[PDB]
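Student: Structure in structure tokens, see below.
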Amino acid sequence: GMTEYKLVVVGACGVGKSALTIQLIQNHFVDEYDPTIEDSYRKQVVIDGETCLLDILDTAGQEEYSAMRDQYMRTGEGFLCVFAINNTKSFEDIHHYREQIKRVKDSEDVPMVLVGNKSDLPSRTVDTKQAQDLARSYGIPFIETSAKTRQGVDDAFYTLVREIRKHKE
Ligand SMILES: *CCC(=O)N1C[C@H](C)N(c2nc(OC[C@@]34CCCN3C[C@H](F)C4)nc3c(F)c(-c4ccc(F)c5sc(N)c(C#N)c45)c(C(F)(F)F)cc23)C[C@H]1C
Ligand SMILES: Nc1nc2c(ncn2[C@@H]2O[C@H](COP(=O)(O)OP(=O)(O)NP(=O)(O)O)[C@@H](O)[C@H]2O)c(=O)[nH]1
Ligand SMILES: [Mg+2]
């Protein structure tokens, strides 16, 4: 029946992986409180007229390169690669996350979206243009989000579903 899309949210500590997921799942953002675990969350959404189910893994915990961890990530059909626009190191780590995705999926062509989060903040250190140019050289979409104001959140996840759909055809 209803198509399920397995999405994986990856990126450095503190960029807003959990805050983005919770906005989508529970429509809220509390400045003071944040998830502390890795977990996956299911939500039925309508995207371009298609009722579907998103199964979203919000990654956390420890970096680890075991066969078990690799195989878990390999079930992801699409990946949000998140950095924070006020955190240059988190932007510099994006190439590494992409490379691990391509390694476990064993493919040059994995549905992926680059997400620049915390667009509400004024202390910007990553120009929008530099992130656009990076996404263009990878050949993937780039979306600026604010998990605090919810700006661009649906766009990020829905765009990733659209990349998965193109891949399955
Ligand atoms: C904030 C929570 C936290 O402490 N985490 C640990 C680290 C930050 N996580 C994480 N880190 C990296 O790289 C970190 C770093 C710095 C030390 C050396 N190392 C390499 C670069 F220098 C950057 N990489 C992560 C991942 F690659 C992945 C991951 C993503 C996709 C994928 F297919 C696979 S397969 C596989 N095994 C791993 C791993 N590990 C990945 C992940 C993720 F959680 F699995 F997605 C985390 C990485 C983030 C969090 C957990
Ligand atoms: N202003 C602002 N703050 C944000 C935004 N998204 C997340 N934050 C803040 O940034 C911090 C980290 O958020 P969180 O969602 O825990 O990030 P994470 O990537 O899941 N961290 P971890 O990797 O440790 O699980 C929190 O204080 C959160 O309130 C955003 O769009 N705007
Ligand atoms: Mg988190």
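Labels used: A, B, ... for chains in the order of the structure tokens, numbers from 1 for residues in each chain, and numbers from 1 for ligands as shown.
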Residues within 12 Å of ligand 3, counting only C-alpha atoms and all ligand atoms: report them as a list in words.
Tutor: residues 9, 10, 11, 12, 13, 14, 15, 16, 17, 18, 19, 20, 21, 22, 33, 34, 35, 36, 37, 38, 39, 40, 57, 58, 59, 60, 61, 62 and 82 of chain A
Student: Considering only C-alpha atoms, return as an mmCIF file with C-alpha atoms, in the first residue's frame whatever protein or nucleic-acid residues lie within 8 Å of residue 163 of chain A, sequence-local ones (same chain, fewer than 3 positions apart) excluded.
Tutor:
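Result written to out-v1.cif:
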data_model
loop_
_atom_site.group_PDB
_atom_site.id
_atom_site.type_symbol
_atom_site.label_atom_id
_atom_site.label_comp_id
_atom_site.auth_asym_id
_atom_site.auth_seq_id
_atom_site.Cartn_x
_atom_site.Cartn_y
_atom_site.Cartn_z
ATOM 1 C CA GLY A 78 18.004 9.208 1.374
ATOM 2 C CA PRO A 111 19.641 10.642 -2.850
ATOM 3 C CA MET A 112 20.963 13.452 -0.633
ATOM 4 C CA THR A 159 12.921 17.617 -1.449
ATOM 5 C CA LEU A 160 14.805 14.537 -0.213
ATOM 6 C CA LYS A 166 13.752 10.214 -9.190
ATOM 7 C CA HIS A 167 16.259 7.552 -8.170
#
Student: Would you give me, as a PyMOL selection string, the residues in segment 17-54 of chain A that DSSP reads as alpha helix (DSSP H)?
Tutor: chain A and resi 17-26
Student: Using the selection just defined, write its residues with N, CA, C and O atoms as a tab-separated table (two decimals), in the first residue's frame.
Tutor:
chain	number	residue	atom	x	y	z
A	17	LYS	N	20.12	18.46	13.83
A	17	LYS	CA	19.50	17.23	13.33
A	17	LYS	C	18.22	16.89	14.10
A	17	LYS	O	17.16	16.65	13.50
A	18	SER	N	18.31	16.84	15.43
A	18	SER	CA	17.14	16.55	16.24
A	18	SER	C	16.08	17.65	16.12
A	18	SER	O	14.88	17.35	16.04
A	19	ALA	N	16.50	18.92	16.12
A	19	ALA	CA	15.49	19.98	16.13
A	19	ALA	C	14.69	19.96	14.83
A	19	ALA	O	13.47	20.13	14.85
A	20	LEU	N	15.36	19.71	13.71
A	20	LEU	CA	14.68	19.57	12.42
A	20	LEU	C	13.68	18.41	12.43
A	20	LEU	O	12.55	18.56	11.97
A	21	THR	N	14.10	17.25	12.93
A	21	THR	CA	13.24	16.07	12.95
A	21	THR	C	12.01	16.30	13.84
A	21	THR	O	10.88	15.95	13.46
A	22	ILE	N	12.21	16.88	15.02
A	22	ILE	CA	11.11	17.09	15.95
A	22	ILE	C	10.12	18.11	15.41
A	22	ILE	O	8.90	17.99	15.64
A	23	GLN	N	10.61	19.15	14.72
A	23	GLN	CA	9.68	20.06	14.05
A	23	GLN	C	8.78	19.29	13.09
A	23	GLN	O	7.55	19.40	13.15
A	24	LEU	N	9.38	18.48	12.22
A	24	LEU	CA	8.58	17.69	11.30
A	24	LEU	C	7.63	16.75	12.04
A	24	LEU	O	6.46	16.62	11.67
A	25	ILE	N	8.10	16.09	13.10
A	25	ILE	CA	7.28	15.04	13.72
A	25	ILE	C	6.24	15.64	14.63
A	25	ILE	O	5.06	15.26	14.60
A	26	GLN	N	6.64	16.59	15.47
A	26	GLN	CA	5.78	17.05	16.54
A	26	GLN	C	5.46	18.53	16.46
A	26	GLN	O	4.79	19.05	17.35
Student: Residues at most 12 Å from residue 45 of chain A, counting only C-alpha atoms, excluding those fewer than 4 positions away in the same chain, as a list in words?
Tutor: residues 2, 3, 4, 5, 24, 25, 49, 50, 51, 52, 53, 54, 55, 154, 157, 158 and 161 of chain A
Student: Write out, as a PDB file, in the first residue's frame, the residues just selected, with N, CA and C atoms.
Tutor:
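Listing of again27.pdb after writing:
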ATOM      1  N   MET A   2       0.699   2.035   1.096  1.00  0.00           N
ATOM      2  CA  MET A   2       1.374   3.322   1.232  1.00  0.00           C
ATOM      3  C   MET A   2       2.895   3.170   1.151  1.00  0.00           C
ATOM      4  N   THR A   3       3.534   3.957   0.285  1.00  0.00           N
ATOM      5  CA  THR A   3       4.992   3.916   0.175  1.00  0.00           C
ATOM      6  C   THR A   3       5.640   4.496   1.429  1.00  0.00           C
ATOM      7  N   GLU A   4       6.705   3.841   1.890  1.00  0.00           N
ATOM      8  CA  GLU A   4       7.524   4.315   2.995  1.00  0.00           C
ATOM      9  C   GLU A   4       8.856   4.805   2.453  1.00  0.00           C
ATOM     10  N   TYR A   5       9.328   5.919   2.990  1.00  0.00           N
ATOM     11  CA  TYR A   5      10.634   6.463   2.648  1.00  0.00           C
ATOM     12  C   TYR A   5      11.494   6.476   3.901  1.00  0.00           C
ATOM     13  N   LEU A  24       9.383  18.475  12.222  1.00  0.00           N
ATOM     14  CA  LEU A  24       8.576  17.689  11.300  1.00  0.00           C
ATOM     15  C   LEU A  24       7.626  16.746  12.043  1.00  0.00           C
ATOM     16  N   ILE A  25       8.098  16.090  13.101  1.00  0.00           N
ATOM     17  CA  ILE A  25       7.284  15.044  13.716  1.00  0.00           C
ATOM     18  C   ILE A  25       6.235  15.644  14.633  1.00  0.00           C
ATOM     19  N   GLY A  49       0.797  15.315  -3.478  1.00  0.00           N
ATOM     20  CA  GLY A  49      -0.402  14.510  -3.605  1.00  0.00           C
ATOM     21  C   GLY A  49      -0.302  13.077  -3.112  1.00  0.00           C
ATOM     22  N   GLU A  50       0.903  12.561  -2.845  1.00  0.00           N
ATOM     23  CA  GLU A  50       1.085  11.168  -2.440  1.00  0.00           C
ATOM     24  C   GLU A  50       1.102  11.071  -0.919  1.00  0.00           C
ATOM     25  N   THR A  51       0.095  10.427  -0.343  1.00  0.00           N
ATOM     26  CA  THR A  51       0.190  10.046   1.059  1.00  0.00           C
ATOM     27  C   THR A  51       1.286   9.010   1.194  1.00  0.00           C
ATOM     28  N   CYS A  52       2.288   9.291   2.032  1.00  0.00           N
ATOM     29  CA  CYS A  52       3.358   8.337   2.274  1.00  0.00           C
ATOM     30  C   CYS A  52       3.771   8.368   3.738  1.00  0.00           C
ATOM     31  N   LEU A  53       4.643   7.434   4.086  1.00  0.00           N
ATOM     32  CA  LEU A  53       5.176   7.307   5.433  1.00  0.00           C
ATOM     33  C   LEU A  53       6.663   7.612   5.419  1.00  0.00           C
ATOM     34  N   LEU A  54       7.080   8.568   6.239  1.00  0.00           N
ATOM     35  CA  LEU A  54       8.495   8.831   6.449  1.00  0.00           C
ATOM     36  C   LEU A  54       8.975   8.111   7.701  1.00  0.00           C
ATOM     37  N   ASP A  55      10.070   7.381   7.562  1.00  0.00           N
ATOM     38  CA  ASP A  55      10.727   6.705   8.669  1.00  0.00           C
ATOM     39  C   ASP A  55      12.087   7.381   8.785  1.00  0.00           C
ATOM     40  N   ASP A 154       9.912  21.545   6.050  1.00  0.00           N
ATOM     41  CA  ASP A 154       9.191  20.673   5.127  1.00  0.00           C
ATOM     42  C   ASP A 154       9.896  20.599   3.785  1.00  0.00           C
ATOM     43  N   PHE A 157      12.919  17.972   3.959  1.00  0.00           N
ATOM     44  CA  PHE A 157      12.513  16.563   3.932  1.00  0.00           C
ATOM     45  C   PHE A 157      11.769  16.212   2.651  1.00  0.00           C
ATOM     46  N   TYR A 158      10.872  17.086   2.192  1.00  0.00           N
ATOM     47  CA  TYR A 158      10.110  16.765   0.990  1.00  0.00           C
ATOM     48  C   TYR A 158      11.011  16.716  -0.234  1.00  0.00           C
ATOM     49  N   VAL A 161      12.626  13.400  -0.373  1.00  0.00           N
ATOM     50  CA  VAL A 161      11.724  12.384  -0.910  1.00  0.00           C
ATOM     51  C   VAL A 161      11.668  12.479  -2.428  1.00  0.00           C
TER      52      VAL A 161
END
Student: If DSSP is run on the backbone, what residues of segment 9-93 of chain A are strand (DSSP E or B)? A reply as an MDAnalysis selection string would be ideal.
Tutor: chainID A and resid 9:11 39:47 50:58 78:84
Student: Hey, what's within 9 Å of segment 137-145 of chain A if we count only C-alpha atoms and toss same-chain stuff fewer than 5 positions away? As a tab-separated table (two decimals) with N, CA, C and O atoms, in the first residue's frame, please?
Tutor:
chain	number	residue	atom	x	y	z
A	20	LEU	N	15.36	19.71	13.71
A	20	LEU	CA	14.68	19.57	12.42
A	20	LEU	C	13.68	18.41	12.43
A	20	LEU	O	12.55	18.56	11.97
A	85	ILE	N	24.82	27.23	9.72
A	85	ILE	CA	25.44	28.30	8.95
A	85	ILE	C	26.37	29.17	9.78
A	85	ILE	O	27.11	29.98	9.20
A	111	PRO	N	20.48	9.49	-3.18
A	111	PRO	CA	19.64	10.64	-2.85
A	111	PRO	C	20.10	11.37	-1.59
A	111	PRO	O	20.24	10.75	-0.53
A	112	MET	N	20.35	12.67	-1.70
A	112	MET	CA	20.96	13.45	-0.63
A	112	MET	C	20.56	14.90	-0.83
A	112	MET	O	20.44	15.37	-1.96
A	113	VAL	N	20.40	15.61	0.28
A	113	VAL	CA	20.13	17.04	0.27
A	113	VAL	C	21.07	17.70	1.28
A	113	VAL	O	21.23	17.20	2.40
A	114	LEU	N	21.70	18.78	0.87
A	114	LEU	CA	22.51	19.58	1.78
A	114	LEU	C	21.61	20.57	2.50
A	114	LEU	O	20.86	21.31	1.86
A	115	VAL	N	21.70	20.62	3.83
A	115	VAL	CA	20.84	21.48	4.64
A	115	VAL	C	21.71	22.44	5.44
A	115	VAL	O	22.52	22.01	6.29
A	116	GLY	N	21.52	23.74	5.21
A	116	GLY	CA	22.12	24.78	6.04
A	116	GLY	C	21.15	25.28	7.09
A	116	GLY	O	20.25	26.07	6.79
A	117	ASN	N	21.32	24.84	8.33
A	117	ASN	CA	20.35	25.07	9.40
A	117	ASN	C	20.75	26.29	10.22
A	117	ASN	O	21.88	26.77	10.14
A	118	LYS	N	19.79	26.78	11.01
A	118	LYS	CA	19.93	27.95	11.89
A	118	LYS	C	19.97	29.25	11.10
A	118	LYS	O	20.63	30.22	11.50
A	119	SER	N	19.24	29.30	9.98
A	119	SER	CA	19.17	30.51	9.16
A	119	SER	C	18.59	31.71	9.90
A	119	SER	O	18.75	32.85	9.45
A	120	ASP	N	17.94	31.49	11.04
A	120	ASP	CA	17.45	32.59	11.85
A	120	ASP	C	18.58	33.32	12.56
A	120	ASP	O	18.36	34.42	13.07
A	128	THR	N	25.74	31.71	1.92
A	128	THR	CA	24.80	30.91	1.14
A	128	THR	C	25.41	30.47	-0.18
A	128	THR	O	25.22	29.34	-0.63
A	131	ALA	N	27.73	27.39	0.04
A	131	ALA	CA	27.01	26.13	0.20
A	131	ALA	C	26.29	25.74	-1.08
A	131	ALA	O	26.21	24.55	-1.40
A	132	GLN	N	25.71	26.72	-1.80
A	132	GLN	CA	25.13	26.47	-3.12
A	132	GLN	C	26.15	25.86	-4.08
A	132	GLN	O	25.86	24.87	-4.77
A	150	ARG	N	10.79	27.05	11.93
A	150	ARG	CA	10.28	26.02	11.02
A	150	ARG	C	10.46	26.39	9.56
A	150	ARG	O	10.05	25.61	8.68
A	151	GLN	N	11.09	27.52	9.25
A	151	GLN	CA	11.33	27.87	7.86
A	151	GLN	C	12.16	26.81	7.13
A	151	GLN	O	13.25	26.43	7.57
A	152	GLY	N	11.63	26.35	5.99
A	152	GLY	CA	12.35	25.43	5.13
A	152	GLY	C	12.39	23.99	5.59
A	152	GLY	O	12.96	23.16	4.87
A	153	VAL	N	11.79	23.66	6.73
A	153	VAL	CA	11.90	22.30	7.26
A	153	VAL	C	11.19	21.30	6.35
A	153	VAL	O	11.78	20.31	5.91
A	155	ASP	N	10.43	21.73	3.32
A	155	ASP	CA	11.14	21.75	2.05
A	155	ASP	C	12.32	20.79	2.05
A	155	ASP	O	12.53	20.05	1.08
A	156	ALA	N	13.11	20.78	3.14
A	156	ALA	CA	14.26	19.89	3.22
A	156	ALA	C	13.85	18.42	3.11
A	156	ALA	O	14.36	17.69	2.26
A	159	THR	N	11.95	17.67	-0.36
A	159	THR	CA	12.92	17.62	-1.45
A	159	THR	C	13.69	16.30	-1.44
A	159	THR	O	13.91	15.70	-2.50
A	160	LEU	N	14.10	15.82	-0.26
A	160	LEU	CA	14.81	14.54	-0.21
A	160	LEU	C	13.92	13.40	-0.72
A	160	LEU	O	14.40	12.51	-1.44
A	163	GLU	N	14.09	13.43	-4.36
A	163	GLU	CA	15.30	12.83	-4.91
A	163	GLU	C	15.22	11.31	-4.91
A	163	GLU	O	15.68	10.66	-5.85
Student: Quick one, how far is atom CA of residue 64 of chain A from atom CA of residue 7 of chain A?
Tutor: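 The value is 19.4 Å.
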Student: Tell me which of A:129, A:148, A:102, A:74 sits closest to residue 27 of chain A, counting only C-alpha atoms.
Tutor: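 So, comparing all the options, the nearest one is A:148.
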